Amino acid sequence: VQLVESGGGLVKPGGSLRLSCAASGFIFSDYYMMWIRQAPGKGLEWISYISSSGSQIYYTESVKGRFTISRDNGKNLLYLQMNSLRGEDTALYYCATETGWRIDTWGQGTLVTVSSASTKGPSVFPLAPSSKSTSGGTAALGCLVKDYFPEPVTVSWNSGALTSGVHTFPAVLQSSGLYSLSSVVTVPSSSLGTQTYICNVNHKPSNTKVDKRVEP
Amino acid sequence: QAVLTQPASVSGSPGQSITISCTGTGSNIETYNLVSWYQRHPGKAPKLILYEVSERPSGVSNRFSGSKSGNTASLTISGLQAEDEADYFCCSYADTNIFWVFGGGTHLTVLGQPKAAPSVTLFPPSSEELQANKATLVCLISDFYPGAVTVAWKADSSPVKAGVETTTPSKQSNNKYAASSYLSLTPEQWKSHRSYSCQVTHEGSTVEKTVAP
Amino acid sequence: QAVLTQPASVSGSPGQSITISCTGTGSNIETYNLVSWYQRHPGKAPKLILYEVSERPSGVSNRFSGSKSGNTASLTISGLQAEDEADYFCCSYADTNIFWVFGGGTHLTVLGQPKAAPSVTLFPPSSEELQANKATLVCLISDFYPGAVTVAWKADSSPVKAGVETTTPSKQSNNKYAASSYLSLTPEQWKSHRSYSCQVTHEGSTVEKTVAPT
Amino acid sequence: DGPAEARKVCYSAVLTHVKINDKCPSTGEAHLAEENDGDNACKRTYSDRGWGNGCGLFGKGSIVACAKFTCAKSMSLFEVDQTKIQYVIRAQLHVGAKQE
Amino acid sequence: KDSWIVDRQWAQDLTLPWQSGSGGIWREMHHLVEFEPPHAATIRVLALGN
Amino acid sequence: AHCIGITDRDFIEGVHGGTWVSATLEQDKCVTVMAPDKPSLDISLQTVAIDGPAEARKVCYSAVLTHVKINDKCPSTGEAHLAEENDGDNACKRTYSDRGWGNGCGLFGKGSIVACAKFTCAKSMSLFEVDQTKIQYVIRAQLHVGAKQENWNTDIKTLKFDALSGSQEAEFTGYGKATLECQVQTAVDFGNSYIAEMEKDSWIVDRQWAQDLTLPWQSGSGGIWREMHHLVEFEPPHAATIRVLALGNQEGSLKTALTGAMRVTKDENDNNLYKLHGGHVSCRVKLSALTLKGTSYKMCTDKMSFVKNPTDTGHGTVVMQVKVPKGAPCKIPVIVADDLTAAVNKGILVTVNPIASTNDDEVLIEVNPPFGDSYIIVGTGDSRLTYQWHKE
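Cut-offs and rules
- Residues numbered from 1 in each chain as written, not as in the entry; some residues may be left out.
- Chains lettered and ligands numbered in written order.
- Part of a larger assembly, values for the part shown.
- Heavy atoms only, no water.
- Residues with missing side-chain atoms left out of burial classes, pairs and counts.
- Helix = DSSP H or I, 4+ residues; strand = E, 2+ residues; numbered from the N terminus.
- Buried < 20%, exposed > 50% of the residue type's maximum accessible area, 1.4 Å probe, protein only.
- Contact = heavy atoms within 4.5 Å.
- Areas by Shrake-Rupley, 256 points an atom, 1.4 Å probe, with all protein chains shown as cover.
- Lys, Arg positive; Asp, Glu negative; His and termini not counted.
- Charge placed at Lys NZ, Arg CZ, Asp CG, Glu CD.
- Rg over C-alpha atoms; globule rule 2.2 N^0.38 Å.
- Polar contact = N/O pair within 3.5 Å; in protein donor to acceptor, adjacent residues only side chain to side chain.
- 1 Å grid on protein atoms, 1.4 Å probe; cavity = no way out; pocket = protein on both sides within 12 Å on 5 of 7 lines; lining within 4 Å.
- Points joined across faces, edges and corners; volume = space filled by probe spheres on them.
- Core = buried A, V, L, I, M, F, W, Y, C linked by side-chain atoms within 4.5 Å.
- Pairing = 2+ DSSP bridges.
- Axes fitted to C-alpha atoms, helices over the stretch in contact; angles between N-to-C directions.
- Buried area = accessible area lost by both parts, 1.4 Å probe.
- Salt bridge = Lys/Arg side-chain N within 4 Å of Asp/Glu carboxyl O.

Per the deposited record, X-ray crystallography is how this structure was determined, to a resolution of 2.79 Å.

Peer 1: Help me understand the overall build of chain C in this model?
Peer 2: Counting its secondary structure elements, chain C contains 2 helices and 18 strands. Expressed as a percentage of its 214 residues, the buried residues of chain C come to 40%. Of the contacts formed within chain C by residues at least 6 apart in sequence, a portion of 58% connects residues at least 24 apart. A total of about 10900 Å² of accessible surface is found on chain C, and carbon and sulfur atoms cover 49% of it. Here chain C holds 15 positive side-chain charges and 16 negative ones, and the gap between their average locations is 4 Å.

Peer 1: So what exactly am I meant to see when it comes to the overall build of chain F here?
Peer 2: Secondary structure assignment for chain F yields 3 helices and 30 strands. Relative to the globule expectation of 21 Å for 392 residues, the C-alpha radius of gyration of chain F, 34 Å, shows a markedly less compact shape. When its C-alpha atoms are laid out on the principal axes, chain F stretches across 120 × 40 × 30 Å. In chain F, of all internal contacts separated by at least 6 residues, the share reaching a separation of at least 24 is 67%.

Peer 1: Would you take a moment to explain the side chain of F:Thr351 for this structure?
Peer 2: Position of F:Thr351 among the secondary structure elements: in the loop between β26 (348–349) and β27 (355–356). A polar contact of 2.9 Å, which involves the side chain of F:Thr351, links it to the backbone nitrogen of F:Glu366.

Peer 1: Would you mind going over unusual backbone geometry with me for this structure?
Peer 2: The phi angle of most residues is negative, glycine excepted, and most peptide bonds adopt the trans form. Between A:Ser135 and A:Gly136 the backbone carries a cis peptide bond, its omega angle lying at 5 degrees. Counting through the fold element by element, A:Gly136 comes out in the loop between β12 (123–130) and β13 (139–148). Each neighbour pair has its own omega, and for A:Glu151 with A:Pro152 the value is -5 degrees, a cis peptide bond. Mapping A:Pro152 onto the fold places it in the loop between β13 and β14 (153–154). A positive phi angle, near 60 degrees, is found at B:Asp143, a position not held by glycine. Relative to the helices and strands, B:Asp143 resides in strand β12 (residues 135–144).

Peer 1: I'm lost on the layout of surface pockets in this one. Help?
Peer 2: One simple way to see leftover space: roll a probe sized like a water molecule over the atoms. All names here are of chain B. Its boundaries defined by the atoms lining it, the second largest pocket holds a volume of some 1400 Å³. What lines the second largest pocket is a set of 45 residues, and nearest its centre among them are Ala117, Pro118, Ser119, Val120 and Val207. Ranked by residue count, the leading element in the lining of the second largest pocket is strand β19 (residues 205–211), at 5 residues.

Peer 1: What exactly am I supposed to notice about the nonpolar core here?
Peer 2: Considering soluble globular proteins, one finds that nonpolar side chains tend to be buried as a cluster. In terms of nonpolar packing, the biggest core is built from 40 residues, with A:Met34, A:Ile36, A:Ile103, A:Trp106, B:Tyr38, B:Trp100 and B:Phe102 touching the most fellow members. The element best represented in this core is strand β4 (residues 59–79) of chain D, accounting for 6 residues. Non-local contacts of B:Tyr38, meaning those with residues more than four positions away in its chain, are made with A:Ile103, A:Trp106, B:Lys47, B:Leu48, B:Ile49, B:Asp87, B:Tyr88, B:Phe89, B:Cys91 and B:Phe102. Listed in part, the 37 residues of the second largest apolar core include F:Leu25, F:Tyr137, F:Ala170 and F:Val184.

Peer 1: Even after reading the chapter, I still don't get the pairing of strand β3 (residues 35–40) of chain C, so can you show me in this structure?
Peer 2: Within a regular beta strand, the side chains point alternately toward one face of the sheet and then the other, so they alternate between its two faces. Residue and element names in this part refer to chain C. In this structure, β3 lies alongside strand β7 (residues 87–93), joined through 6 bridges in antiparallel fashion. Bridged to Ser36 within β7 is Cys91. Joining the antiparallel neighbours β3 and strand β4 (residues 47–50) is a turn of 6 residues, in which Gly43 adopts a positive phi near 95 degrees.

Peer 1: Is there a simple way to think about the sheet that holds strand β16 (residues 179–187) of chain A in this case?
Peer 2: Pairing between the strands of a sheet comes from backbone hydrogen bonds, and it takes one of two forms, parallel or antiparallel. Residues and elements named next belong to chain A. An order of β12-β13-β16-β15 is seen for the 4 strands of this open sheet, with the pairing classed as antiparallel. Of all the strands in the sheet, the pair left with one neighbour each is β12 and β15 (166–168). With direction set aside, neighbouring strand axes in the sheet form an average angle of 15 degrees. Bridge analysis of β13 against β16 gives 8 bridges, and the strand direction is antiparallel. Paired with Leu141 across the two strands is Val185, which belongs to β16.

Peer 1: Explanation requested: the interface of chain B and chain A in the structure shown.
Peer 2: Think of interface size as the accessible area that goes away when the parts come together; that is how it is often given. Across the boundary between the two partners, chain B contributes 39 residues, which contact 38 residues of chain A. Across the chain B/chain A interface, buried area totals approximately 3300 Å², and carbon plus sulfur atoms make up 65% of it. In this assembly, chain B and chain A are joined by 0 salt bridges. Counting every contact that joins chain B to chain A gives 8 residue pairs in polar contact. Those elements giving two or more residues to the side of chain B that touches chain A turn out to be β4 (35–40), β8 (87–93), β9 (100–102), β11 (119–123), β12 and β17 (177–185) of chain B. Residue contributions to the side of chain B that touches chain A peak at 5 residues, all from β12(B).

Peer 1: Explanation requested: the pairing of strand β2 (residues 20–26) of chain F in the structure shown.
Peer 2: Residue and element names in this part refer to chain F. Burial along β2 is one-sided: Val21, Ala23 and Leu25 are buried, while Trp20, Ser22, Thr24 and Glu26, pointing the other way, are not. In this sheet, strand β20 (residues 280–286) lies alongside β2 in antiparallel orientation, the contact comprising 7 bridges. Directly across from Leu25, in β20, lies its bridge partner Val281.

Peer 1: What's the story with the interface of chain A and chain D in this structure? I'm lost.
Peer 2: Counting residues at the interface gives 13 residues for chain A and 15 residues for chain D. Together, the buried faces of chain A and chain D total about 1100 Å²; carbon and sulfur atoms form 49% of this surface. Among the residues chain A hides against chain D, the three largest losses belong to A:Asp30, A:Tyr32 and A:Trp101. Together they make up 57% of the total. Summed over the shared surface of chain A and chain D, the result is 1 salt bridge. A salt bridge links A:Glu98 to D:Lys19; the shortest N-O distance between them is 2.7 Å. Run the count over chain A and chain D and you get 7 residue pairs in polar contact.

The following block contains the structure:
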């Protein structure tokens, strides 16, 4: 008894997509089916809901005129036809069974992310070091990598050389639809001016390679 | 309407017993009493652990129990184990009109490790970013366990309402968590304000760092 | 098992509108639709400002209004003033058994003035106290606004769990706030640790003092 | 004291939304798992169907409707054992006692 | 909040659902829950009321 | 419209020399109007509705009570008073009690006692007055051309009438237009009546019945509840206490009394649009301006196939889908005989002048066969389709 979900991906706003849910292990035609989704920082929300025969259909008002739930009981398949896609439709979508007026079994989930964003190569900004000493003899800095899409990007200081005490935080999604991340290193205090390091920000999808000095 | 509110993050030690509540705030909940609880490990399917407030699906351990009193349904897990590290979702059939309603979600933390205060690194705008007619404040947090954080920004004394970006904490390579906070602005607001503060809340205790032009 | 819940403290400045919520259990505030609101200033008698969810006794201003949708009853105060800083209590007639049940109370604070950091004075144990085989570190928090403070003690760097006695913030005569915190110890613990640190959290900003045996 | 409980008779019941399974004529009987559970109100019926509502044949198609039943308010019924009836009788003399 | 003495022959003939005291099933639920004739694929219930 | 999918169906035949044919349209029914050398016309009555009936009364059938409150006095010491006795939303009784030395009075006699309990209605039945001149209805109209069932809704013309509308015409592209002159029949079904609705139910009730309900009632805005005693009764006092008798929720008593009453339902968002499950419509339909298409098409001679075989409709007729893969704009010959040799037609063709216009078209044919053994014949010559039928 399992539900497999497929169809997710990236697709521009106003686009169109169809999610699919294949059921195995029981009589699919005798159970109510339904689609749930969860957005970032938001709770779960059932959006679509269909009877065993498909003769009874229920939607939430957020997706009422756009989404169309259907089922093919010969193929034991449940479909979610998503027309007129919007940004807030970015969520992890589940298909789930419904018996005894509860949501019994779930699928693993398929991810749909909708971005307006296009292929854009980043802009790198050095980060000035300050005194992270704690008494003492330590100072940290980094370099910022803004406005890039999509994943991934690979940072490295001193083109393949220094890997001691380096932290590369993961990206952050943005209202722009672009990504951003920071990379920091920690070095002693009396050695701030004795050496030089540069990042290797390196964005494959736009073939970008940038180096960037750091000094006080 | 119907709103189910449950704590964002709770934690306990192995062998202990823990309770996650689910407070209902709608018009008429208290009518059907078929509240269900779900368990979800990252990247897998939710698993039904309780329905009809106390009843248990076949094969579910007896360490999971559930009760209700008034507008609150509670999930209690005894003999806490490292396997229980997951998200726990509350669900209740609200009425005939809107159907089942879900809670926000709770991440159970099993303290298979000691408590770690969050180290913070806040940076000022680089003199090469204001040149590009922009300015961003970068607050970088590392080495806290568990990974449950609250981020606030302040403009000389006052909380900033626009521009704050917070991530969802990502795990490290040393079994700790990290998160990033970015504050986009305009260069004139950076220069006009005396200072800006990133401050970080982790298990009641807050940690503050400051930058200035 | 039948008691109303309402936020501990809700804040506003002069001028805006504020709402205090009162959530009960689907019977508590939902059965009879008579919910009353009370205003109490420190030391004075509580005053009925609303009854029957939205009714208003004679003399009560338009600024006080009431609503109710299901579990929740709400008191909404518009045009916030310095007179409105007080304690507000919720009340509902549950049923024929327990009759009336109250809420925990909400302290409305009006931000009549600007943010003031707390000034801290940390005192060591007295030698004459130590000669009675006891030790007490005294942390004195002074002149902060608003009066929402998190006190924390430390053992050379380490948070202290026991012996903590902290008072609730009190109102000064210059209209700021003050609070104190005491940490009892044995003299051996005082000598056997490098230092003790009282630190004060206020609006996210933390002030720290530290004393050591001499 | 403590009469024996006989029956509970329910006079206030709240229902959940009905659930339907239906099938075209000559396509078999419709089934719901709710129909095998003792707390659900169910019913079998046949409905007129044809080309106009998704069936290749015109005739009676199977249909089943089930709703979950819970009792909101119920009257209890206790049996009275006459051999267990108690009475209390108060007795007093006219002796001039003040009513207090 | 009310009580009476009633004839057993009257009570056992009540057209109401009844239980057997324990966590028992509710018998003859149709005395308060009827179902109406279907149209094509839709049946709605008739709650006979309190 | 379409009448094939509606079980209760009636056919009407107009004379060759005629212009208007009269018909009656009842709820959940429809009519196929047939005239020679005109396409058959399905007419159905969709809804009969009122938009925003005027609110008249509210009748309370469920009321919750607070605990009673008592004031009492000794004999010859005055009348007891409560401030609750002046509010219009409280239920109070004025009685006297047997008082003496045994309950704290110097005299044996009647002492005044007053009881009050706050009345608050939990559930009420709304009573709406209807204006018979504001009744609306909707009528479906469709032609039997060839349309597959999946295109019935697109081809249906939905006509709206008021109580004083003019002629409403449905025009069909290529076939002209029919004209309808209709009128509701709300004399016997809609006399002195309120629309009574509960939370999930509605009915049409006699006005005199509603106004004599032994239940508290309101003037529906914020008004005091009148005749509260129909749900709140006070019993004789004991010495200083009066216990109230709550007469209980009356939802069941009303519903059993309202079984077999004309029903009313409600729409989507529209929350004052009331649908009236009852009554009928009398219509006069103008057919002279209705024309056939493709009367000058050639006979279809290429081989045809059944996409859907002839099946019993339950109306005495049969339906079938015939596909025409080749042959351009032609008309499909259909006959129903009792003998494969003599092509003598013996059945009425509901789908007058069947037509294929584009190639690979699938066209729906409805035929009324004769009683007994029969043969449905679609085509000519070697390729003609024959399918053997039996009517009872």
